[PDB]
Protein chains: 4
Amino acid sequence: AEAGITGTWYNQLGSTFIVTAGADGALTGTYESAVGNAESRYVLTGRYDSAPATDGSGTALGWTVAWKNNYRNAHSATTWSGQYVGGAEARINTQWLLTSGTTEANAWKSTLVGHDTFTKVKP
Amino acid sequence: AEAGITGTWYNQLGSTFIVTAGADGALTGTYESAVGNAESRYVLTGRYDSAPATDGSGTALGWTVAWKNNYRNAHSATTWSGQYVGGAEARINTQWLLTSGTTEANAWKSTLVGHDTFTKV
Amino acid sequence: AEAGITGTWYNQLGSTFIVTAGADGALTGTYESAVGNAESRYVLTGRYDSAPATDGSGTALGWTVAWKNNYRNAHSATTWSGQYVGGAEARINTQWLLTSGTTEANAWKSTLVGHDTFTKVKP
Amino acid sequence: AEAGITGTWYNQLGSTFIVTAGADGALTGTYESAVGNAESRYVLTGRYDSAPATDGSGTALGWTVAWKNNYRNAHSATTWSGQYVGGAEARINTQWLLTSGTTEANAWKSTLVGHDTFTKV
Ligand SMILES: N=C1N[C@H]2[C@H](CS[C@H]2CCCCC(=O)O)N1
Ligand SMILES: N=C1N[C@H]2[C@H](CS[C@H]2CCCCC(=O)O)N1
Ligand SMILES: N=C1N[C@H]2[C@H](CS[C@H]2CCCCC(=O)O)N1
Ligand SMILES: N=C1N[C@H]2[C@H](CS[C@H]2CCCCC(=O)O)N1
């Protein structure tokens, strides 16, 4: 549901995610990371299943943040792939891939993988 | 390198995606796959880092495709994270995560991972 | 440290992991999964850093379980890659890859990725 | 297919691993890489599913290498998960996770992921 995803979310690292889910399946907002070579807010863009299922299945979504803004440029991009689960305590459980640009030679070590869980605070 | 991300790319599977790279880091376009519960074009939105470094590194980027369009809804979304490299043969090398919406009970098996290499050939 | 890893561990799904860390960096034991097309115990083999660092850095390790025993055969294998962190509450935090054998055609969907956290109960 | 996993394999990077596949699912051998804080041979231990299905599927397997030997200790371990396929050109297609031991503080960036294809060429 767009509404349910829309809001302010935080994860276990202390990062802030502000997103708006649009009617057409779009996600736009800004990400504030608590870690990494990242300072201030970064623009995020993603997509979600505007028409999930009835049942108590999560809503699949994903989004990308390139870590370049007017203050910094880490030359990397992270994509989070997960599911939104609503209820009294809504969560977005994700797995992410962080790719740094590298020379052909170090391309084998350009991507990190992890997982983040977000808890909603505001709409 | 710059601009050159813009165009039509194809992968091993036969998938095709057309993207437009905007001066400030946005990626917009459509994705048409060859495998899965997919049928036609899907909208894709991503970001790419517009000021890559000047050591011969690739340009980091990523995009998402929710697999829902006016014809099908596979209740899943794929995110590709990778880097673009130009030259006589430009390619985008990526790793992807495909998450399907599941009930709590099947959450452990909701995400597939793979890799795709796209070229303009 | 071999000792610290040796023991009985459980994760959030309810699976049992019984492992012995040998002096030479080896890990052997059995895995009892609570989910999947898996019944009874399965043999596991892995390796760990017998000489970690001083500091409060985790000990990197990894192990594999092919899901075939005398009772079942899911034709898949899972490898867990993570770190052991000791202390009063020792944990093994991992990320895993589950690959199912497939035809060339469905190879794109042969691997699942997730993460498990194990808590120690016994040696 | 069976037995055929046993042998010497090489990957794109130039890494080489020699493995022995035992009748009951064990994989044993040595791994020598071409990249990273690695120097010489490392011991590898894995498992492979000894009764693959009879639809033309690959044989699922996986192995681990802790990057410590008598010469170096990179305080990391790599696990490769994939499947073997035989034929005139047998190959092992894998995806790997490389975890480095870190302090809690850097736990978020402890694991790299990639893919390797090994052939006997
Ligand atoms: N809030 C989170 N931040 C880290 C993880 C996923 S992306 C990462 C921050 C990286 C910042 C930029 C960088 O270091 O390249 N979750
Ligand atoms: N070009 C690719 N197609 C498959 C992989 C990653 S995304 C995937 C197609 C999935 C279609 C929808 C589905 O089956 O859920 N790469
Ligand atoms: N204890 C765990 N079991 C599931 C995850 C990782 S492997 C998986 C069980 C799979 C069983 C065999 C199968 O279904 O193929 N953790
Ligand atoms: N053949 C491969 N070599 C690199 C990738 C995955 S494992 C890795 C070598 C790592 C060496 C030790 C290290 O740098 O930590 N594939």
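Throughout, a chain's letter reflects where its sequence line sits, starting with A, and its residues are numbered from 1.
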Visitor: So which heavy atom on A/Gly62 is nearest to which on B/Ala77, and how close?
Guide: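 For A/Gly62 versus B/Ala77, the nearest heavy atoms are N-CB, 4.4 Å.
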Visitor: Taking atom CG of D/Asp24 as the centre, report whether more than 12 heavy atoms of other residues, nucleotides or ligands fall under 6.0 Å from it.
Guide: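 Incorrect, the count does not exceed 12.
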Visitor: Give, for atom OH of C/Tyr71 and atom CD of C/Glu39, the distance between the pair rounded to the nearest 0.5 Å.
Guide: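 If I round to the nearest 0.5 Å, the distance is 7.5 Å.
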Visitor: For C/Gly101 and D/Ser57, which heavy atoms make the closest approach, and how far apart are they?
Guide: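 Where C/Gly101 meets D/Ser57 most closely, the heavy atoms are C-CB, 4.1 Å.
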Visitor: Shortest non-hydrogen contact from C/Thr45 to D/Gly46?
Guide: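 Looking at all heavy atoms of both residues, the closest pair is CG2-O, 3.2 Å.
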Visitor: Is there a donor-acceptor contact under 3.5 Å linking the side chains of B/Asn93 and B/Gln83?
Guide: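 Their side chains do not contain a donor-acceptor pair, so the 3.5 Å distance test is not met.
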Visitor: To check you understand the geometry: which heavy-atom pair defines the closest contact between B/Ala90 and B/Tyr84, and what is its length?
Guide: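 Residues B/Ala90 and B/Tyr84, closest heavy atoms: CB-CE1, 3.8 Å.
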Visitor: C/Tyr31 versus C/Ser15: any side-chain heavy-atom pair under 4.5 Å?
Guide: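 When only atoms from C-beta onward are counted, C/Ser15 and C/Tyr31 do touch, with a gap below 4.5 Å.
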Visitor: Side-chain contact test, heavy atoms from C-beta onward, threshold under 4.5 Å: evaluate it for C/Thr119 versus C/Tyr10 and give yes or no.
Guide: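 With C-beta onward as the side chain, the pair stays apart.
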Visitor: Within the 4.5 Å heavy-atom criterion, are A/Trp80 and A/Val65 side-chain neighbours or not?
Guide: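 A side-chain contact exists here, since the closest heavy-atom pair is under 4.5 Å.
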Visitor: So, B/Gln95 versus D/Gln95: side-chain donor-acceptor pair below 3.5 Å or not?
Guide: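 B/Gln95 vs D/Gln95: donor-acceptor pair found between side chains.
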Visitor: Is the shortest distance from a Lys or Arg side-chain nitrogen in A/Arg91 or B/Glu104 to a carboxylate oxygen in the other one below 4.0 Å?
Guide: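 Looking at B/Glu104 together with A/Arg91, the answer is no, because their closest N to O distance does not fall below 4.0 Å.
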Visitor: Can you find a heavy atom in the side chain of D/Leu97 that is under 4.5 Å from one in the side chain of A/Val113?
Guide: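 Of all side-chain heavy-atom pairs linking A/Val113 with D/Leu97, at least one is under 4.5 Å.
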Visitor: Return the CG to OG1 distance between D/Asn11 and D/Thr16, rounded to the nearest 0.5 Å.
Guide: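 Answer rounded to 0.5 Å: 7.5 Å.
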Visitor: Could you tell me the separation between the CG atom of D/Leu27 and the CD1 atom of D/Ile92, rounded to the nearest 0.5 Å?
Guide: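 It comes to 8.0 Å.
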Visitor: What is the distance from atom CD1 of D/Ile18 to atom OG1 of D/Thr28, rounded to the nearest 0.5 Å?
Guide: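 These two atoms lie 11.5 Å from each other.
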Visitor: Are D/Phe17 and D/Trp63, when compared by the centres of their aromatic rings, separated by less than 6.0 Å?
Guide: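 So the answer is yes for these two rings.
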Visitor: Return the set of residues passing side chain to side chain donor-acceptor pair (under 3.5 Å) with B/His75 (not counting sequence neighbours), or none when no residue passes.
Guide: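 For B/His75 the side chain to side chain donor-acceptor pair (under 3.5 Å) partners, ignoring immediate neighbours, are A/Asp49, B/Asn73.
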Visitor: Spell out, as yes or no, whether a donor-acceptor pair under 3.5 Å connects the side chain of C/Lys120 to the backbone of C/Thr6.
Guide: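 Yes; at least one donor-acceptor contact below 3.5 Å.
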Visitor: Side chains of D/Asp116 and A/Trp108: does their closest heavy-atom pair fall under 4.5 Å?
Guide: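 Sidechains of A/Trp108 and D/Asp116: no contact.
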Visitor: Verify, without hydrogens or angle tests, whether D/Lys120 (side chain) and D/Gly4 (backbone) share a donor-acceptor contact under 3.5 angstrom.
Guide: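 The answer is yes, because a donor-acceptor pair under 3.5 Å joins these two groups.
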Visitor: If you compare all heavy atoms of D/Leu98 against all heavy atoms of D/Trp96, which two are closest, and at what distance to 0.1 Å?
Guide: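 Looking at all heavy atoms of both residues, the shortest contact is CB-CZ3, 3.8 Å.
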Visitor: Is C/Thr79 close to D/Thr64 at the side-chain level, that is, under 4.5 Å between some pair of heavy atoms?
Guide: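 Not in contact.
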Visitor: Going by atom types only, do D/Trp67 and D/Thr78 share a side-chain donor-acceptor pair under 3.5 Å?
Guide: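 Note: D/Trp67 and D/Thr78 side chains meet the donor-acceptor criterion.
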Visitor: When rounded to the nearest 0.5 angstrom, what is the spacing between NE2 in D/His115 and OG1 in A/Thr111?
Guide: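 D/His115 atom NE2 to A/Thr111 atom OG1 measures 8.0 Å (nearest 0.5 Å).
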Visitor: For a quick test of reading the model, state the closest non-hydrogen atom pair linking B/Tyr42 to B/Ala66 and the distance between them.
Guide: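 So the minimum-distance heavy-atom pair works out to CD2-O, 3.9 Å.
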Visitor: Would you kindly say whether D/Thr99 and C/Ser81 are connected by a side-chain donor-acceptor distance under 3.5 Å?
Guide: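 Yes, a side-chain donor-acceptor pair sits under 3.5 Å.
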Visitor: B/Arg72 versus B/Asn37: any side-chain heavy-atom pair under 4.5 Å?
Guide: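 Answer yes - side chains close enough.
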Visitor: Is there a side-chain contact between C/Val43 and D/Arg47 (heavy atoms, below 4.5 Å)?
Guide: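 Side chain of C/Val43 against side chain of D/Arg47, heavy atoms only: contact under 4.5 Å found.
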Visitor: Once rounded to the nearest 0.5 Å, what's the spacing between atom CZ of D/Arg41 and atom OG1 of D/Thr30?
Guide: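 Interatomic distance, D/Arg41 CZ to D/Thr30 OG1, rounded to 0.5 Å: 7.0 Å.
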